[PDB]
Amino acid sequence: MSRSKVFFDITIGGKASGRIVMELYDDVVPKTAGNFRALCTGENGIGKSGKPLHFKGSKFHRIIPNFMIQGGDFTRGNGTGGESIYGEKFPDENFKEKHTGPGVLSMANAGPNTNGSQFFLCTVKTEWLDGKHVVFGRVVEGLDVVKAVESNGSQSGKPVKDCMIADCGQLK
């Protein structure tokens, strides 16, 4: 049915770097899409973690050149944290959409049925993740902002500086 539109305003080392706009596939993965939408708006307030269920102020803690940029750990900030609005973990909804190219928005996980709040934005086609990570959206404006964050990644995954989601929300 009706696809949601959300955004990130990004800063890099504290400097304003632009807005990423994402379209979500509510029609294909309504549960997965709704979780990310509510985390952009912050509407479910404080999580079991004791931290806001909100991407605002979080960072891309893992960034790999010619692969993807990854974020959403607003509880630990290191890839070990994160929390869904549903209460920490939720199953893989379905694997209908594929990792077909740059701009694909997909859930990070620690194996089957481990979805939380961590997600990634692909900078290349990553077909080896099909059937393993739930794809739920795509970048529709600001892919250049994505490339800018990418240039701050390392093979190791560690960023060379803080790439933050300074602001976020739902459009329209």
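From 1 onward, residues are counted along the sequence shown.
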Practice prompt. Report the stretch with the higher mean CA temperature factor, choosing between 68-76 and 87-95 on the basis of the entry.
Written response: 87-95
Worksheet item: Which is higher on average in the deposited entry, the C-alpha temperature factors of 57-65 or of 44-52?
Response: 44-52
Worksheet item: Quick one: which of 21, 148, 10, 160 has the biggest Cα B-factor according to the entry?
Response: 21
Worksheet item: Which third of the chain does residue 82 land in by C-alpha B-factor: lowest, middle or highest?
Response: lowest
Worksheet item: What third of its chain's C-alpha B-factors does residue 125 belong to: lowest, middle or highest?
Response: highest
Worksheet item: Taking the entry's C-alpha B-factors for this chain, is residue 110 in the lowest, middle or highest third?
Response: highest
Worksheet, complete the sentence: Of the three thirds of Cα B-factor ranks in this chain, residue 104 occupies the middle
Practice prompt. Using the B-factor values recorded in the entry, state whether the Cα atom of residue 133 falls in the lowest, middle or highest third among the modelled residues of its chain.
Written response: lowest
